[PDB]
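Presented below, as structure tokens, is a lone chain in the form deposited in one PDB entry.
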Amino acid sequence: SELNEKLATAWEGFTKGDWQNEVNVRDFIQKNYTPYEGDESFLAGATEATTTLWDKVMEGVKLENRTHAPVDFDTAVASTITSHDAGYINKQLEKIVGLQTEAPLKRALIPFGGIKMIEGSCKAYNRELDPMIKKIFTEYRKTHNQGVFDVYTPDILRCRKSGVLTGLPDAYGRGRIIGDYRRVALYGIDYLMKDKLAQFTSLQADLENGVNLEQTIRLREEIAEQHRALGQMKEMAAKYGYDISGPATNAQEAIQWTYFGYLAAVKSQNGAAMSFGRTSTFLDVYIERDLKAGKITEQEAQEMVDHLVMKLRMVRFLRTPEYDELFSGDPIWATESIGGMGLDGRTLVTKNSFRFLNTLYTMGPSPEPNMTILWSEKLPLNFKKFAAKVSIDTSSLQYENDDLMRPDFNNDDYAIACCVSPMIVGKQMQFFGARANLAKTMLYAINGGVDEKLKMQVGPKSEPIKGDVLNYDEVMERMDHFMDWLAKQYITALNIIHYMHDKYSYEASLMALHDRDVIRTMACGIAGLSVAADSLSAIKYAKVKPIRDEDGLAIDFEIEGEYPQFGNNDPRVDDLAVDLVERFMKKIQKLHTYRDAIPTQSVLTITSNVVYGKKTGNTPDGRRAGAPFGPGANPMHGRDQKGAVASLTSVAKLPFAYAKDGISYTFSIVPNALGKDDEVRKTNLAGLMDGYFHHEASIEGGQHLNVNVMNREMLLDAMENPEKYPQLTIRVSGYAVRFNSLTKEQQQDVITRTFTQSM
């Protein structure tokens, strides 16, 4: 109720409002950002410092890719916000500083999540774990991983082993949390700590009055931990020579302060996805002020952005080989949401929207940060074309439907976590649930719950379907039965996981940058959607004959006649896919969840398409045992054969209404199919996306689109001569990877996917 000297100086010239009296970043942005409708002509190139710095770091990246292992990692230090000393690439050149450990790309040990995983990584990468670390996290501090395995059921373990429910967050950080790092820059740490003490105190009455007693005690302790984490953030920044007690006073500080908030997160937690948020336009407010004051030049502004983004290209976590199979390409998902439109109709695109995209030119293509364009048919044409140009040149961007999500939330300050999962910044988070194998679940329906590979009873004992010809109605009725069972086992596993993650690895530093009460969804994913839909289609429109072994188990199938396949705008099969999405959503919706997190669904797989595919036998659609499923909501490899419009249309039909956690689609088109020359390609790509994302009362539109503009021949050359493509980046599931960071098996998945040859 009285802004001190620190706030005064930092906020000079800013338009006043609620944001000055309470934590309200959206209000600050709305009252202060400058919409930009111009083009990319104002952009500056890289400075010598930026190039010197990145070229050096790329040598570490090349090492990671050729060895498929970390450059280095700790074996005796438990990482915390303050554990490591300041680390640099070259202190004399960096404009934005901060590394997870004391050296670039050196990975930390984050033991609160589990000790067995660390032991696994040490063994896999030939390093010796310090016995003290093992002792502490086995006998003194229990871990998330052990808490989960102490409470799991034999049933869940069988599902994990058989490949029907595998890769859940029981052995790595859950992630899917985006603290509002912008708060550090806007308010400074002290202001945020005072606000947290007020939130803590606001719970005293309920505590004393016995209102939701356990929930109140839990939340009060969580807020105390958040407050403590904020204090540690100041100590961390001080190691780098910065005092962040007060708000950032200029562009360099706003960028640095925001990054420090994120740095505390990645020093303390190892969530699968550690997304950055929606920061580019927020940061433009500070950049614009300094530019107009003549304090910095445009090239200096681009340099600060380059150094921040460079640090986001350097986030690393020690993972096991098992994790590497589920989440390939050394992903981080430092996702940044760019542009979009405000509820008031103004565009939220700023010059900084262009500066972030420009990092793909100043420092070349890179898979991280995961730059995500919030697309609207109303975006400035200049921006639509520049983003299209950047996709054509680098294949490093993804696009999501702002015309769909902004109205769904009635909010213009939501960001994307990981790949396609939206959340209002600082007010919402997801309880990550990885994804379930829907394709194997169908086989279980046909085989009475017996696994086709292990020949073990995994699902409930049921009568296997008899006959020489499968009947759609019968198969679907049994499938519906096993989806009920799948939903219950899935939610039960997630209930245990998130109870334990809250208990043993509560993300204090990230939650410290959220409101007191955060909305939580229980995000359930489904893998193999197109395999399941196409399998039902073959059964329904063709004659599928089961090939059984001496036990009556259907281990293969023979199909007589053609059948419609997902991705060709044929309602006969597309309707089946839509139905599966709706059906599973309704089943998880009926189950009780931990902390009453609202169940949501995503059609997303990351590399579980390969992992589940390896553990799944021959399916009714004709897919061979061991073969990968499509990534996310994609049609199966090479089955979408009618062109871009047709496949984009099939995918857009999937209902975001029943998959609020997101629907991932990876679209790859050859340059000449997209257009005859550069200008036409930009226009055509922007046009294709406007059509795909088109939204009106009666048309939902697609939700997400990864865009690769490349010739398959070029990838083949890269597979043979990796040294020639050190920064080659490709979109693969709702995020990007450097092509060279993948294993050969994962590259084979990618190269055999659909390369669209026509509109």
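Residue positions are given as counts along the sequence shown, with the first one as 1. Superpose the two forms; the largest set of C-alphas matching within 1.5 Å is the rigid core.
The following text describes the form deposited in another entry, which does not appear among the structures shown.
Lining up the core between this form and the one not shown shows that one residue from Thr335, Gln430, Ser608, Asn352 moves its Cα 2 Å or more, and that residue is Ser608. Relative to the superposed core, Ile81 shifts its CA atom by less than 2 Å between this form and the one not shown. After superposition on the rigid core, displacement of the C-alpha of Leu326 between this form and the one not shown amounts to 2 Å or more. Annotation for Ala264: C-alpha shift under 2 angstroms between this form and the one not shown, rigid core superposed. Relative to this form, in the other entry the C-alpha atoms of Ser608 and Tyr414 approach one another by 3 angstroms or more.
The pair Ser337 and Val420 is at least 3 angstroms farther apart at the CA level in the other entry than in the present model.
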